[PDB]
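>
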Amino acid sequence: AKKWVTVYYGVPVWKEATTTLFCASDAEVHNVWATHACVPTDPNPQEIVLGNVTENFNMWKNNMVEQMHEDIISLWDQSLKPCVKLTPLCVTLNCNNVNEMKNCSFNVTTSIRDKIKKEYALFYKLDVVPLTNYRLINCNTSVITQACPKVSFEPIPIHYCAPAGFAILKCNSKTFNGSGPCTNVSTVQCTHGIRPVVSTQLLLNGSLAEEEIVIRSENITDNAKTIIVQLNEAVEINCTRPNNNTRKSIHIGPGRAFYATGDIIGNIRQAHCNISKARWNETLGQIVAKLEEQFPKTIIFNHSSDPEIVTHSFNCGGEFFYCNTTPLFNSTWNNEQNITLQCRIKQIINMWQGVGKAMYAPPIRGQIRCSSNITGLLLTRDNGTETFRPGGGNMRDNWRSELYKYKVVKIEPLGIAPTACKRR
Amino acid sequence: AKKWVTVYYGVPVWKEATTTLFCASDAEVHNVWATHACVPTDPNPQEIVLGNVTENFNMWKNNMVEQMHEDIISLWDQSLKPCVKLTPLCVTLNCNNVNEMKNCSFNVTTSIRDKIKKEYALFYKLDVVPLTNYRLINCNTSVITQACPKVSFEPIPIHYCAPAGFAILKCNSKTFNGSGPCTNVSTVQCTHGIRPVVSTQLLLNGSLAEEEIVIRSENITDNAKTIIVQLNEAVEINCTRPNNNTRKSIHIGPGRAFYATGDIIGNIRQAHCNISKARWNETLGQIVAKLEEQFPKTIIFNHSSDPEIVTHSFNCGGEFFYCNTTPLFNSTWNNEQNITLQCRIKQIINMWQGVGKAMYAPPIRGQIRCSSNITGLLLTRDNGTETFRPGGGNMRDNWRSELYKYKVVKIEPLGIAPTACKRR
Amino acid sequence: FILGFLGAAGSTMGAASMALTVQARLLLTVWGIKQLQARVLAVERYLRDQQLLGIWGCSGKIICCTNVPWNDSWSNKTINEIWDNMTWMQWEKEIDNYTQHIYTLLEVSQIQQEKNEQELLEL
Amino acid sequence: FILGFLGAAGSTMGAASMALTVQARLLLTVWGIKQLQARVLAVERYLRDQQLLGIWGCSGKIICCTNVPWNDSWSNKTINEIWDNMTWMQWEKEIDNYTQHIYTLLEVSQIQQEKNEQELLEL
Amino acid sequence: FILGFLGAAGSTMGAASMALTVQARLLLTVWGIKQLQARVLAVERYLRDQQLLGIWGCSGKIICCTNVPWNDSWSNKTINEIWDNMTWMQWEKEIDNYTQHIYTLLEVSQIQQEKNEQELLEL
Amino acid sequence: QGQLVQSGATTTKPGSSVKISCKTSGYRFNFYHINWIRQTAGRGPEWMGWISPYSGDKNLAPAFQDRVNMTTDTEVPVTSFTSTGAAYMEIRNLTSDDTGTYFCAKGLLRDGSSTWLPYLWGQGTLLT
Ligand SMILES: *[C@@H]1O[C@H](CO)[C@@H](O[C@@H]2O[C@H](CO)[C@@H](O[C@@H]3O[C@H](CO[C@H]4O[C@H](CO)[C@@H](O)[C@H](O[C@H]5O[C@H](CO)[C@@H](O)[C@H](O)[C@@H]5O)[C@@H]4O)[C@@H](O)[C@H](O[C@H]4O[C@H](CO)[C@@H](O)[C@H](O)[C@@H]4O)[C@@H]3O)[C@H](O)[C@H]2NC(C)=O)[C@H](O)[C@H]1NC(C)=O
Ligand SMILES: O=C(C(=O)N1CCN(C(=O)c2ccccc2)CC1)c1c[nH]c2c(F)ccc(Br)c12
Ligand SMILES: O=C(C(=O)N1CCN(C(=O)c2ccccc2)CC1)c1c[nH]c2c(F)ccc(Br)c12
Ligand SMILES: *[C@@H]1O[C@H](CO)[C@@H](O[C@@H]2O[C@H](CO)[C@@H](O)[C@H](O)[C@H]2NC(C)=O)[C@H](O)[C@H]1NC(C)=O
Ligand SMILES: *[C@@H]1O[C@H](CO)[C@@H](O[C@@H]2O[C@H](CO)[C@@H](O)[C@H](O)[C@H]2NC(C)=O)[C@H](O)[C@H]1NC(C)=O
Ligand SMILES: *[C@@H]1O[C@H](CO)[C@@H](O[C@@H]2O[C@H](CO)[C@@H](O)[C@H](O)[C@H]2NC(C)=O)[C@H](O)[C@H]1NC(C)=O
Ligand SMILES: *[C@@H]1O[C@H](CO)[C@@H](O[C@@H]2O[C@H](CO)[C@@H](O)[C@H](O)[C@H]2NC(C)=O)[C@H](O)[C@H]1NC(C)=O
Ligand SMILES: *[C@@H]1O[C@H](CO)[C@@H](O)[C@H](O)[C@H]1NC(C)=O
Ligand SMILES: *[C@@H]1O[C@H](CO)[C@@H](O)[C@H](O)[C@H]1NC(C)=O
Ligand SMILES: *[C@@H]1O[C@H](CO)[C@@H](O)[C@H](O)[C@H]1NC(C)=O
Ligand SMILES: *[C@@H]1O[C@H](CO)[C@@H](O)[C@H](O)[C@H]1NC(C)=O
Ligand SMILES: *[C@@H]1O[C@H](CO)[C@@H](O)[C@H](O)[C@H]1NC(C)=O
Ligand SMILES: *[C@@H]1O[C@H](CO)[C@@H](O)[C@H](O)[C@H]1NC(C)=O
Ligand SMILES: *[C@@H]1O[C@H](CO)[C@@H](O)[C@H](O)[C@H]1NC(C)=O
Ligand SMILES: *[C@@H]1O[C@H](CO)[C@@H](O)[C@H](O)[C@H]1NC(C)=O
Ligand SMILES: *[C@@H]1O[C@H](CO)[C@@H](O)[C@H](O)[C@H]1NC(C)=O
Ligand SMILES: *[C@@H]1O[C@H](CO)[C@@H](O)[C@H](O)[C@H]1NC(C)=O
Ligand SMILES: *[C@@H]1O[C@H](CO)[C@@H](O)[C@H](O)[C@H]1NC(C)=O
Ligand SMILES: *[C@@H]1O[C@H](CO)[C@@H](O)[C@H](O)[C@H]1NC(C)=O
Ligand SMILES: *[C@@H]1O[C@H](CO)[C@@H](O)[C@H](O)[C@H]1NC(C)=O
Ligand SMILES: *[C@@H]1O[C@H](CO)[C@@H](O)[C@H](O)[C@H]1NC(C)=O
Ligand SMILES: *[C@@H]1O[C@H](CO)[C@@H](O)[C@H](O)[C@H]1NC(C)=O
Ligand SMILES: *[C@@H]1O[C@H](CO)[C@@H](O)[C@H](O)[C@H]1NC(C)=O
Ligand SMILES: *[C@@H]1O[C@H](CO)[C@@H](O)[C@H](O)[C@H]1NC(C)=O
Ligand SMILES: *[C@@H]1O[C@H](CO)[C@@H](O)[C@H](O)[C@H]1NC(C)=O
Ligand SMILES: *[C@@H]1O[C@H](CO)[C@@H](O)[C@H](O)[C@H]1NC(C)=O
Ligand SMILES: *[C@@H]1O[C@H](CO)[C@@H](O)[C@H](O)[C@H]1NC(C)=O
Ligand SMILES: *[C@@H]1O[C@H](CO)[C@@H](O)[C@H](O)[C@H]1NC(C)=O
Ligand SMILES: *[C@@H]1O[C@H](CO)[C@@H](O)[C@H](O)[C@H]1NC(C)=O
Ligand SMILES: *[C@@H]1O[C@H](CO)[C@@H](O)[C@H](O)[C@H]1NC(C)=O
Ligand SMILES: *[C@@H]1O[C@H](CO)[C@@H](O)[C@H](O)[C@H]1NC(C)=O
Ligand SMILES: *[C@@H]1O[C@H](CO)[C@@H](O)[C@H](O)[C@H]1NC(C)=O
Ligand SMILES: *[C@@H]1O[C@H](CO)[C@@H](O)[C@H](O)[C@H]1NC(C)=O
Ligand SMILES: *[C@@H]1O[C@H](CO)[C@@H](O)[C@H](O)[C@H]1NC(C)=O
Ligand SMILES: *[C@@H]1O[C@H](CO)[C@@H](O)[C@H](O)[C@H]1NC(C)=O
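Residue numbers (PDB author numbering), protein chains in the order written: chain G, 32 to 58, 64 to 135, 153 to 184, 189 to 309, 312 to 321, 321A, 322 to 354, 357 to 365, 368 to 397, 411 to 457, 463 to 504; chain G', 32 to 58, 64 to 135, 153 to 184, 189 to 309, 312 to 321, 321A, 322 to 354, 357 to 365, 368 to 397, 411 to 457, 463 to 504; chain B, 518 to 545, 569 to 663; chain B', 518 to 545, 569 to 663; chain B'', 518 to 545, 569 to 663; chain D, 1 to 52, 52A, 53 to 72, 72A to 72H, 73 to 82, 82A to 82C, 83 to 100, 100A to 100F, 101 to 110. A prime marks a further copy of an entry chain.
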């Protein structure tokens, strides 16, 4: 027979492409990561199984993580535009102690520009440096803007969608390591509910794994590459700042109200956390299991090699903890009891770009106590033994622990092919 | 025969229209004229010759110049938004001399708001005025923002494109004066590589002409109309500031670092330029040639009638020179040797709109020496002799010397016409 | 190929009517906003054209014959002194007044065509 | 229904050619701007496809036969070893070099079809 | 002309079905952004309609007959008591439940029409 | 739709050569050929040849090949559809048999089968 080309429109063929996604949320409050300016989240999430299909993933080239990473950093600058700027607080502070956070005092201009008051307030030692007279840690570094005391830091499910004519590809394989070809592929309009948990050393409120715990890396034989672990059963973490602090409003300008920490009512205590010695032991053992499936030898856990990278830092109630996690990774594995870490607290959290601006987390009234599931982990390997220290301060490694399942491909529905067919 | 209307789609017919163009660039650096936020420049520039076609141009009604002129002024305001604002420098300065730029000192608030330091720095006489105590030239005029010491002033090829469904029309005629009908027309998606050289009196790094040098004007018999000359062979210009200045960082706020001129290492010398007496003589003679093809009589060149208009002002290395060009146009034409001008330097360059803001060009370290091709010229005619003084401070006259070849027309592909044809 | 994109702008309408798909292809933050603006405008002018071709029964046509008889009030000129003489740009400057009148004539002929076609397939 | 949206991505071209309207439906401030940007881009890629189908005479078709004879330089493979073996994605990786050549062949056949159709209705 | 743009909104469907191209024409910084937003939205809703007309074989039609037999479960009403009584707005409030069911019926008839048309031109 | 003015009435003697002009205006000079005709006292009308103001092409009758010097200028555009040009006509071996009225004639169309047909005539020039 003869053969003429006959065009087909709407053919299942895609190329690997990078397009700008858009977000979708579910929803009398706010959010920094504008999880309200997103478009509704579809009630019926149409997940189509791609039978017989096998796609080539790579969570380390995946651009969705390089795009979300910039959306968070952008969503934060956006939320700090209308908020009050704390530059008049860059004054010489007369600080005392308590027993740790200082008890400082400082002349500040008021709502009237030529009338001076002397206010007092508490500042954690990390938020101040000696010049005894003191100042704020950033005054020789960058501008600081107090976060609006109404926008919340709540990790909300962010649903990443690809435009019309594009596609996101899932991988349902219950053991899929980092990269490679996945045999249980499916296509999705939007990712699942993603929580932008900006964490460090211990991944919080993340997506667990099915079957066994997986560990991911690029060149695991290359030590200068982070190792992103995923647990299959969360181990409970419980943190709290028991101090019953107060919030004082300081009028330092027409409408510019700076919120400071008044004093501590009741006992002076310690910010800390809790995990179960038994659950973190069996879970540490599970992590020890697959640290042999990619190694031999003995496994050693050891402490980390500004304090944001050296400790499990996260957000609890709205204040940024810095839990010395040495009571977590100091065990060597051959072949009741609560583990509690010593968390400090900071109010000035600089940014991670290259000498620009900072933020001031306004004080939270009353006590603070949050509960989370540590579901991930970021290790770092460094003789006759291999020791893995918890490393990880990079923000895109976090999103990487959730966007490993997804991949952005564009649709090209035009398809030509020969058939015994001609037109008249 | 009978005649019925039959519609044709995609017919070569255009109207003169004005639509918003978009730019395209080629491309580890920045640029003020966002020559990086443009879309890629097409590697294959499809230039289609319009045979038999004759279009009516007019470089003086051309809206592309009125649009680019606003894009430059917009691209500059955009680049000065994140940069540090130098309002605390509006303080009483205690200035000395050197032998010209002053040596000043001034109390300024520091990173701490209640601690005072007294800094010293050099300021060109043009950047200061007496109140002996001194101040900055603008403090009674407008806000000043120091240009970010990382954005460059480099004239980059900007390619102006018309939207899909529009067209830009070229004119390949190698003698085309200002307006009139061009017989060698071609259509282009985008203009050639345009360099936004914001210059004055002498056009720099522009597009030469072919064949002979052309001169353009509207009503050349109207003296209140600028004359834009185009050379056919560039005459070399070489400028330099031989002073080996230094840059001192002054912390006057959290993250706000003002860069001042420390002092002068080595010899104190003079900012100036150089052109060849021979090449500018024969090139001046070429300009004398066609100052007779539109006149008779004798040609006289004479000096210009704030200093931005009175001198060849431009940008060399990043600092704005102001070369007294009287050694350029002081010759009367009937029918080795380097010409060097005395360039001053400014750091505060106000804007040209109507009482708004200004800029501070941060100091450049080391010596500065640039080389350019003066390819254009802006004259101005004023008894028995005609004298042409170099006038021109208007920014849109510069772009006008490059957008004369181009014209914006819209496409209207619908075309109806009668043919012996009817449908069933 | 042929001359290119608009290459027959000053050519006779007879030669220009051939290969009309060369001008049917290429018909479809300060920089970002002014770049996206031109993007939306392009899709508009294009769709306005396809919109017209649709409500004329020519949706998908480059050369489309119709029913409306050519009124000589528009132009009493021969087929010869048009398609072998005038260029497409000259021509529609002459039909410029009557262009918005013919547009209306083409829509009634398409509405009164499918209205009759509806009666046809009732049998 | 059938498998769904792209459900026949790794299926044979013979079974995949059936029910192509499942992928023909679903083909059409930091959050706001990046949401509107994807909205304009979608309409562009879609219109570029309909634009091609128009200047091919397939405007309104899902399966569209043409005139261009299948050159064996593109692929000397049987109808059987294509539509009952290769998946649509495998196939166009093989035609990837010749895809921009066939696109040109389809436009001349549509321009040289209505040019002849014009002569037809002159009688 | 006729009544105008929507002028037959409360008119009988029989008279309203005539001259449907009057509503087919007019269907296509705080001020700037909220003006451009409406511009992109317009092109979307319009294209969604043309998209449907395309995957129904009606791309380019105003009145388009099909193959799907009228199920009486949708409405057991005569042609007379519809086109000479109910207004177009009354009617589709009655078909409101079954509108998303007929839409699916029209796509299979267009996919199963060109699938057969493909076999036709194989001879 | 424009004028084709020629030269005056220049009369020379046999053997010599005469230049005849033909200046155009009011029509795109490049779009239509320029023909040269004459009416001699002895014959009737006789076609001499045409020239293309665009193609630069020449086609004359074999009766006037080795005698005619035929050239053109290059139109000076007045508008987008207007121009002003000039064609030139010379002859070699001139005699008294060639005495007659001569004119130039702009072509009829730009395409088809009657492109060069001398449509628009000049004014006429009397030779020897
Ligand atoms: C720009 O605008 C100009 C002017 O409007 C256009 O030029 C004109 O084009 C038309 C159509 O293309 C020409 O009409 C044709 O004339 C030829 C005559 O050519 C033959 O005879 C010549 C003399 O004997 C001879 O020189 C030719 O030989 C070739 O070499 C010359 C070298 O100069 C070359 O220039 C030629 O082109 C030839 O290739 C050739 O033997 C005539 O044959 C034509 O009739 C045929 O074609 C028509 C259809 O077009 C058909 O209907 C006929 O039946 C027949 O088959 C036709 O009459 C005209 O001569 C040109 N010049 C003018 C008007 O001054 C130009 O095309 C435009 N270009 C663009 C890009 O728009
Ligand atoms: O989005 C960010 C950003 O940097 N982050 C990281 C910090 N972060 C945490 O939750 C956290 C985790 C461990 C220890 C302390 C804090 C939320 C998001 C910013 C983007 N521009 C910023 C700016 F101009 C000033 C200050 C910030 Br903070 C940002
Ligand atoms: O874009 C401009 C502008 O005015 N210009 C002209 C100056 N310029 C030069 O290169 C130059 C040429 C000769 C002498 C001195 C400088 C670059 C562009 C501005 C738009 N808003 C501005 C503002 F708010 C303050 C200051 C400026 Br400067 C601008
Ligand atoms: C922090 O220091 C301030 C002083 O700057 C304390 O305020 C004073 O407290 C004493 C009692 O301890 C009162 O008698 C004074 O009247 C208070 N002065 C003012 C201005 O309020 C404050 O109590 C200290 N708080 C802590 C927790 O150390
Ligand atoms: C992990 O998720 C839990 C549950 O959503 C978070 O606990 C919530 O904390 C906020 C403010 O701290 C409270 O308003 C909610 O009532 C808490 N929910 C529950 C069920 O107790 C916890 O804060 C999250 N952890 C991190 C680090 O984001
Ligand atoms: C500009 O003036 C400053 C003073 O305001 C000079 O700085 C002093 O220079 C002398 C030597 O000339 C030193 O002994 C002082 O210690 C310097 N003082 C400071 C505060 O640095 C500076 O040298 C002068 N520079 C020029 C080029 O005139
Ligand atoms: C005219 O063009 C020349 C060449 O591009 C410019 O010289 C460049 O100057 C920059 C900074 O001054 C240097 O980084 C480049 O290396 C120079 N290029 C060369 C080839 O030397 C010159 O500055 C331009 N003149 C103007 C007024 O813009
Ligand atoms: C600011 O001062 C601190 C002192 O605690 C010092 O460590 C830091 O390097 C200084 N930064 C700058 C930019 O001077
Ligand atoms: C694919 O994965 C999902 C969830 O991980 C599972 O329910 C399903 O059985 C898997 N199918 C295949 C064919 O592996
Ligand atoms: C923590 O524990 C379990 C998951 O193992 C679940 O009941 C609870 O929702 C988890 N919290 C999360 C995922 O935020
Ligand atoms: C994941 O598995 C593939 C083989 O299926 C292998 O090539 C790849 O190296 C694995 N990834 C890691 C991080 O070991
Ligand atoms: C991994 O890193 C080692 C060195 O650390 C190198 O020799 C090896 O080639 C790398 N392998 C890959 C797949 O990158
Ligand atoms: C915290 O202190 C406030 C007084 O400001 C008191 O009313 C409240 O009961 C205290 N709460 C706790 C848990 O101590
Ligand atoms: C954490 O707190 C929750 C709720 O208070 C409790 O169910 C869980 O057992 C606690 N786990 C640890 C390790 O403290
Ligand atoms: C942890 O690191 C320290 C620092 O060198 C080292 O002295 C210690 O032996 C390490 N502990 C283990 C268990 O490897
Ligand atoms: C963490 O705690 C251990 C003891 O539990 C202590 O030796 C170590 O210095 C602490 N780390 C930091 C950074 O303070
Ligand atoms: C590691 O730190 C934990 C803190 O909970 C402690 O119980 C354990 O004894 C330490 N390991 C040592 C000292 O080897
Ligand atoms: C561990 O922490 C939980 C949290 O409330 C507490 O209820 C439990 O008594 C603690 N166990 C020990 C042994 O401290
Ligand atoms: C600012 O002062 C200068 C003195 O050098 C004067 O020339 C200028 O007119 C003043 N401008 C205004 C707006 O007062
Ligand atoms: C048109 O101009 C270009 C460049 O100026 C030249 O190469 C070409 O020969 C010219 N063509 C005509 C017909 O004048
Ligand atoms: C200056 O001189 C010649 C042009 O005559 C050329 O080699 C060089 O590139 C020119 N520089 C420009 C145009 O910037
Ligand atoms: C350019 O030439 C045209 C004629 O070709 C003339 O009308 C116009 O005045 C000239 N322009 C100038 C500035 O002389
Ligand atoms: C040019 O200007 C003169 C007066 O300067 C005026 O008389 C003449 O009409 C003007 N010509 C044009 C063409 O504008
Ligand atoms: C400029 O001065 C610096 C000292 O700050 C010196 O190192 C450098 O060599 C000098 N360069 C010249 C060209 O004089
Ligand atoms: C300008 O400098 C360049 C390079 O240094 C040189 O080639 C040229 O001759 C110089 N010309 C003049 C006029 O100084
Ligand atoms: C230049 O202008 C000055 C100012 O009036 C005048 O005195 C002088 O004669 C002029 N020079 C020439 C050469 O015209
Ligand atoms: C320019 O220089 C000349 C001498 O070369 C001088 O007379 C004149 O005043 C200078 N112009 C200015 C504006 O200083
Ligand atoms: C014009 O100025 C130049 C400066 O280079 C000088 O050489 C020349 O003599 C001057 N002309 C005079 C004084 O007539
Ligand atoms: C002119 O300037 C150039 C630039 O370096 C220099 O090389 C040359 O020697 C100078 N000539 C004179 C005569 O000054
Ligand atoms: C031609 O159009 C005029 C109005 O422009 C109309 O009155 C006349 O009836 C029309 N004639 C034909 C034959 O269509
Ligand atoms: C169109 O109408 C205007 C009315 O001023 C008239 O001058 C012009 O000649 C008309 N055009 C045609 C082609 O009839
Ligand atoms: C096939 O295509 C080639 C170019 O790829 C061409 O040279 C050849 O003539 C074509 N053959 C047929 C039969 O179409
Ligand atoms: C397409 O061209 C490339 C050229 O490098 C060649 O390697 C490849 O095999 C070609 N593809 C086909 C299907 O012929
Ligand atoms: C009418 O539709 C119903 C479902 O709404 C279906 O069950 C029935 O078979 C249909 N009948 C006909 C005759 O189409
Ligand atoms: C559509 O469904 C609703 C279900 O609540 C029903 O009340 C309504 O009558 C239905 N409409 C028609 C026209 O059947």
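Idealized CB from N, CA, C, for every residue including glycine.
Given that a residue counts as buried once 16 or more other Cβ atoms are within 10 Å of its Cβ, and exposed if not, what is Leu-454(G)?
buried
> Going by C-alpha distance, which of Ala-526(B''), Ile-519(B''), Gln-591(B'') and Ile-602(B'') is nearest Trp-631(B'')?
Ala-526(B'')
> On the CB-based measure, 16 or more other CB atoms within 10 Å of its CB, does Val-286(G) come out buried or exposed?
buried
> Compute every distance between the C-beta of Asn-262(G') and the non-hydrogen atoms of ligand 25, then say whether any falls below 6 angstroms.
no
> Between which two residues does the alpha helix (DSSP H) holding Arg-588(B') run?
570-594
> Looking at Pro-212(G') and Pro-437(G'), is the spacing between their C-beta atoms short of 7 angstroms?
Cβ atoms of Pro-437(G') and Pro-212(G'): not closer than 7 angstroms.
> Residues in its own chain within less than 8 angstroms of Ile-414(G') by CB, not counting five upstream and five downstream?
Around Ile-414(G'): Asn-332, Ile-333, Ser-334, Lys-335, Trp-338, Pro-389 and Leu-390.
> Would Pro-220(G') be called buried (16 or more neighbouring beta carbons within 10 Å of its own) or exposed?
buried
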